Amino acid sequence: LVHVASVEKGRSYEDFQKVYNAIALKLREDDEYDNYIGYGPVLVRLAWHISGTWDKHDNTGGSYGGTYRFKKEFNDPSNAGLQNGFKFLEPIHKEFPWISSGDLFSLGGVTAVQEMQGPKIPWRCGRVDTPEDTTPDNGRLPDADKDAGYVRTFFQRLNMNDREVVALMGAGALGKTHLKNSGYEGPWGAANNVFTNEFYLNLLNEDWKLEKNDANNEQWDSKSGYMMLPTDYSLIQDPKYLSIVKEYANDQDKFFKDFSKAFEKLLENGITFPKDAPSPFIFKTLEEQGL
Ligand code: HEM
């Protein structure tokens, strides 16, 4: 199953920075959403969820085809809440109809992280939309009520290793859980709309109590007001995981660098990039631009 990247006709860096900017700008103006958390975290969750369907064995799923636009992908139950991100991006697609769905959903993710002060994520255009029959089945995303062996094993299908898993899961401690969405409730840290290494810190330095929520799901609760999913918490139960957690808790920059690599890999999984394809783009933020 080969997926060759194909640059949208005649466009180039400038073209994509335009799209970036529009996303960045609307992220700025639409700030009240989710109790003034903003659309940032939902955008990155959406970019991870559309890449997280990839299956390394058969090269099915991944961000290449942009089939989250199909009711089947779109109404996968574990995607709940993501529609808000889809709606966010819709007017932008309208304004830049030439960009492909997959590029728009992945850049959406890149834009958020950089705009929430995370690291720069290099990015590559060229994803090409594919028919609804390519839409993958509900079920290729992970469960939250499992353990480290589950996590390790799940991610093997994505070609992610322990260090990669631990870096991705961190997710800069962005946003929170919503009971109405996942049967879980609460955030991982105090700065839910700033990209940090706070998740490791909290994980290690908080006092967690295993409780049951109003959706009758267990979760780890702290006096501070934070939570952790069982799968989150398992990162300190595993001896390999744990070591990396302490590494990221003690080194801001290492974390930022590791995440940037894994995030990109996650977004590029299954895509074949020709040699005459352009090098990745590194978009500047509004801040760097003065906008
Ligand atoms: C074993 C892996 C993981 C599981 C079980 C999982 C689970 C969860 C669940 C339960 C929520 C709550 C959604 C809702 O209630 O609104 C969610 C939120 C989120 N996750 Fe995942 N996820 C994991 C990994 C990832 C990864 C790899 C990233 C992305 C780099 C990530 C990014 C996010 C973010 C940013 C949100 C917050 C969205 C918002 O606040 O609206 N997730 N995750």
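Residues numbered from 1 in each chain as written, not as in the entry; some residues may be left out. Heavy atoms only, no water. Residues with missing side-chain atoms left out of burial classes, pairs and counts.

With the PDB entry as reference, the protein is termed CYTOCHROME C PEROXIDASE, source organism Saccharomyces cerevisiae. Turning to the protein, the UniProt record has this under Catalytic activity: "2 Fe(II)-[cytochrome c] + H2O2 + 2 H(+) = 2 Fe(III)-[cytochrome c] + 2 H2O". Annotation of the protein in UniProt includes, under Subunit, the sentence "Forms a one-to-one complex with cytochrome c." (UniProt positions renumbered as here; feature names shortened; annotations may be inferred.)

J.: Hey, could you run me through the site of the ligand in this one?
T.: Taken together, 21 residues surround the ligand, and among them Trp 48, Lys 176, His 178, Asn 181 and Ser 182 come closest. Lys 176 places a polar main-chain atom, nitrogen or oxygen, 3.0 Å from an oxygen atom of the ligand. Taking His 178, its side chain carries an N or O atom lying 2.6 Å from an oxygen atom of the ligand. Among the detected pockets, the ligand sits in the largest pocket. Of all elements in the fold, only α3 (40-51), α8 (162-170), β1 (176-177) and α9 (179-182) reach the threshold of two or more residues within the shell around the ligand. For the shell around the ligand, the element with the highest residue contribution is α3, accounting for five residues. Broken down by class, the residue content of the shell around the ligand amounts to 12 nonpolar, six polar and three charged. Counting contributing residues, the shell around the ligand receives three or more from each of domain 1 (1-141 + 263-291) and domain 2 (142-262). (Near = heavy atom within 4 Å. Polar contact = N/O pair within 3.5 Å; in protein donor to acceptor, adjacent residues only side chain to side chain. 1 Å grid on protein atoms, 1.4 Å probe; cavity = no way out; pocket = protein on both sides within 12 Å on 5 of 7 lines; lining within 4 Å. Sits in = over half its atoms within 2 Å of the grid points. Helix = DSSP H or I, 4+ residues; strand = E, 2+ residues; numbered from the N terminus. Nonpolar A, V, L, I, M, F, W, Y, C, P; charged D, E, K, R; others polar. Domains from an automatic or database assignment.)

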